[PDB]
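[1] Give me the fold of what follows.
(4 chains)
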Amino acid sequence: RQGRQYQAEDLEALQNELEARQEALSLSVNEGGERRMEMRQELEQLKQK
Amino acid sequence: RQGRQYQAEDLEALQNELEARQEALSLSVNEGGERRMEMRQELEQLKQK
Amino acid sequence: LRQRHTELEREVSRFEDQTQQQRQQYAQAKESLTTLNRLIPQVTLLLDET
Amino acid sequence: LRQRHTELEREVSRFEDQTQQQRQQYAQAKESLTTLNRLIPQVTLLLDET
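    Numbering: from 1, shown residues only, chains lettered A, B, ... in the order given. The relevant structure is shown in the block below.
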């Protein structure tokens, strides 16, 4: 499902790798939405103007 | 470390509640950010006025 | 408008306090949940209190 | 300002997409981690491939 055999024989390290990925999730989203959210307000402002 | 003796006999409910509280993390942080930046834009408008 | 600015600064302070408190607290909750789901994600069931 | 609206819509589309994808893939990887540490949180040691 992720990786194709991908060292399943002893996969411990990959979990820690995923933790980094997990972290990059929040960042990658927390920024993203905010940005669009930012422009949303600006967009509204622009519309009002 | 969390709790002092905290239903270690059957703790799954607590993991579920903490997942809910992480959803709350996301909701609250996004709401606070959007509200504060919108009112910062209102501050800017008031400044120009 | 200066009174509005003062109240707006008060509101900025309130939002920042709320955001801090919630983000810290729920981050420590995140750490605790990670410890549970790592060390004992039903490893207690493997133990089963047998 | 309407041209600014057009550019803003472009940016909104780009960020919306990027966030959708990134969150999907990262959530799937997160679910993969959960499946690991749920089905096999070193439960392979109890399996032990005996």
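[2] What's the separation between the closest residue to residue C:40 other than its chain neighbours and residue B:37?
    In space, and not counting its chain neighbours, residue C:40 is closest to residue B:11: 7.5 Å by C-beta to C-beta, 6 or more residues apart in numbering or on different chains. Where C-beta positions appear, they are placed from N, C-alpha and C, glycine not excepted. Distance of residue B:11 to residue B:37, given as C-beta to C-beta, to the nearest Å: 38 Å.
[3] one step back: quick one: the residue nearest to residue C:40 and residue C:45 touch, right?
    No. Residue B:11 lies out of contact with residue C:45 (C-beta atoms under 8 Å); the separation is 10.3 Å.
[4] Show me which of those two is the more surrounded one.
    Counting neighbours by other C-beta atoms under 10 Å in any protein chain shown for residue B:11 and for residue C:45 shows that residue B:11 has the greater number, 15 against 11.
[5] Need the residue closest to the centroid of chain C.
    residue C:26 (1.5 Å; C-alpha atoms, centre = their mean).
[6] so what's it up against?
    For residue C:26, the residues meeting the contact criterion (C-beta atoms under 8 Å, 6 or more residues apart in numbering or on different chains) are B:21-22, B:24-25, B:28.
[7] and residue A:27, what helix or strand is that in?
    helix A:12-48 (DSSP states H and E).
[8] That helix vs chain B: in contact?
    Yes. If you take C-beta under 8 Å from any C-beta of the partner chain as the test, helix A:12-48 does meet chain B, through A:30, A:33-34, A:37-38, A:41-42, A:45.
[9] same check, this time on stretch C:42-50
    Yes. With C-beta under 8 Å from any C-beta as the criterion, chain B is reached by stretch C:42-50 at C:42, C:44, C:49.
[10] Relative to chain A, which of these is nearest.
    Nearest to chain A among those is residue C:42, at 15.8 Å by C-beta to the nearest C-beta.
[11] isn't that closest one right up against residue D:38?
    Yes. Using C-beta under 8 Å, residue C:42 makes contact with residue D:38 at a distance of 7.2 Å.
[12] more neighbours, the two?
    Neighbour count, other C-beta under 10 Å: between residue C:42 and residue D:38, residue C:42 has more, with 17 against 13.
[13] need the contact list for the more buried one.
    Contact analysis of residue C:42 by C-beta under 8 Å, 6+ apart lists B:12, D:38, D:41.
[14] go on, residue A:30?
    With C-beta under 8 Å, 6+ apart, residue A:30 has these contacts: B:29-30.
[15] okay, now residue A:22: neighbour count?
    Residue A:22 - counted by other C-beta under 10 Å - has 17 other residues nearby.
[16] Verify the stated contact: it with residue D:29.
    Yes. Residue A:22 is in contact with residue D:29 according to C-beta under 8 Å; the separation is 7.4 Å.
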